[PDB]
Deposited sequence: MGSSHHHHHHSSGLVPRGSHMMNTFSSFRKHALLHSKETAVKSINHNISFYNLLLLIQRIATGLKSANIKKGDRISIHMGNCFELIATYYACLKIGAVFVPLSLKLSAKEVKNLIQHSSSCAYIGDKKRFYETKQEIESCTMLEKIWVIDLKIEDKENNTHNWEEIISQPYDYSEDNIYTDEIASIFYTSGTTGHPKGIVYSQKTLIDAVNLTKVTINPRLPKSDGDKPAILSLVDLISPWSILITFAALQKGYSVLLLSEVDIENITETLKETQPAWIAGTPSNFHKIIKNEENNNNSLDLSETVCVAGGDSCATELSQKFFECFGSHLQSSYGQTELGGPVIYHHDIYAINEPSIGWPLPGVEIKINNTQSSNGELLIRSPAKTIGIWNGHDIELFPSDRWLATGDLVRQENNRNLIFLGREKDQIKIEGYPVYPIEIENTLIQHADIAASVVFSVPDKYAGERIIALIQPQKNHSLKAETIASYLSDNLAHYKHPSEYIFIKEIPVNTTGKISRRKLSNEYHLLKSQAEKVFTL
């Protein structure tokens, strides 16, 4: 069982349950399968064949998930085009990917029309809500692909065959890569037992992590809630109405949800809700601000397209007082380049092996034993939790020993008088580097400098101690490199500078 057959099995055994819903629409598992079958028939009637690449370019809608599944059913290689791409970058990917067809919605197509319609290898262009005067040549209305009943034609799909290309470099997934990537993602979707759960991903469904989440949720029998851009702009209001059991988002997504409660009397109840902050870093500081706002125990996921899917999962960030990213998922193997130290660079190999990189003309094959160098520094505890020591380019050297800003910042944020902090170093003639702490005092809370110093005496080794404190009422926009370059400016704008 491949990804489409897994969906079809659950769809046919739980046919009347809701598979996908929006605020004002819903489709059952069975009716979703019927839509998928119609699209497949339309694709094959348009002479789309196995191995043909199809660029997909649309916002969150039921047709997007059905189109993925229709591509999987007939073996058409789907190529999702991020909504963040300009018209210029969209056309480049259509050309680079050697796509011969394109499926998009009205908003994205009309932003991109000449570019799309000037890619001459595109035999078919299907647009949801295509305007009638634009039905001509190879541009078709989406209705034409579903106008014909399912023809019950068979499909021979094999696990080694290409399934999709996800551009960061076009990362090629086989059917097996997707099976294994969804299997990793399934382990990270753990809604609480309802006293039926709906899954929400705030990342666009065109983006690989949401694709995997959606497959994984449907295969577990959950419904998937799809939100529009305006729905997410009004996320607190949307959440109060839709009440999903599980929410994936960026750290920025959840920071926004926290901010909205400050100014919205009627509190949103996320206490039963399981929330997963997804990224390539650590969510420890977010998790604890997230707990005293909502009483919810934030989780995190760590992965990237080159590793197939999520590879490291923290099912309870707030339970670990040090910054940490969690535990390798099943089959995930790690290596820490920590020669002669306890801390080192995290190297990962994933059980979801991507096939290679599409370079326009050939697939650059990956030796399936290759490790990925993350650029992140870790230490592995006895229980195999990965303590997160930050971004390797951010480490500081003090008397030869490495110092990790993320670690100092996590200690600093524990103080109630500190709203936020950023630690970085500046050059120093005879010490090499000097540690600076940029401290943001909590509003109203009166400042107070040696308190920080004495606090840090009690909690970090001396060599990690900042040599200097810059008190600033707002920290600029975070890149410790840029702030280090602005060190003299920061001091001149500072409300106070304390030098030890």
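Judged by missing C-alpha atoms, the gaps in the deposited chain sequence fall at residues 1-21, 190-196, 224-227, 510-514, listed in sequence order.
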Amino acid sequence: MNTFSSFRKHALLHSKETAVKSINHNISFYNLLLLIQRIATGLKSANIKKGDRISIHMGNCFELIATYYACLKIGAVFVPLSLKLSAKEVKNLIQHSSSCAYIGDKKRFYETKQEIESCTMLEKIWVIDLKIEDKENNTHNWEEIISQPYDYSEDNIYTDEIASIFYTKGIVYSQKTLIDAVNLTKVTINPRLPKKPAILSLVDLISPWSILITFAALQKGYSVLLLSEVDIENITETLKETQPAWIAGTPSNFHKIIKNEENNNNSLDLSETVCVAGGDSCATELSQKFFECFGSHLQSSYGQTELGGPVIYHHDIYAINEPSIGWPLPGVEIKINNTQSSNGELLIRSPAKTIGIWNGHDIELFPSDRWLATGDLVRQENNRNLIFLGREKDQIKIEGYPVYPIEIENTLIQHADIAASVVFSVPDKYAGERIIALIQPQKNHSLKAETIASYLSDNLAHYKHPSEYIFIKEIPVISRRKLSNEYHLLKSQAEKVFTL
From here on, numbers count along this sequence of modelled residues.
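Between 338-346 and 306-314, it is 338-346 that carries the larger average Cα temperature factor according to the deposited entry. Averaged over their C-alpha atoms, the temperature factors of 467-475 and 35-43 are higher for 467-475. Note on the listed residues 105, 155, 204, 161: the highest Cα temperature factor in the record is that of 155.
For the set 295, 244, 191, 278, the PDB entry assigns the largest Cα B-factor to 295. In the PDB entry, a CA B factor belonging to the highest third of its chain's modelled residues is recorded for residue 442. Among all modelled residues in this chain, the alpha-carbon of residue 326 has a temperature factor (C-alpha) in the lowest third. Among the modelled residues of the chain, residue 14 sits in the highest third by CA temperature factor in this PDB entry. Residue 210: CA B factor lies in the lowest third for its chain, per the PDB record. Annotation for residue 284: CA B-factor lies in the lowest third of the chain's modelled residues.
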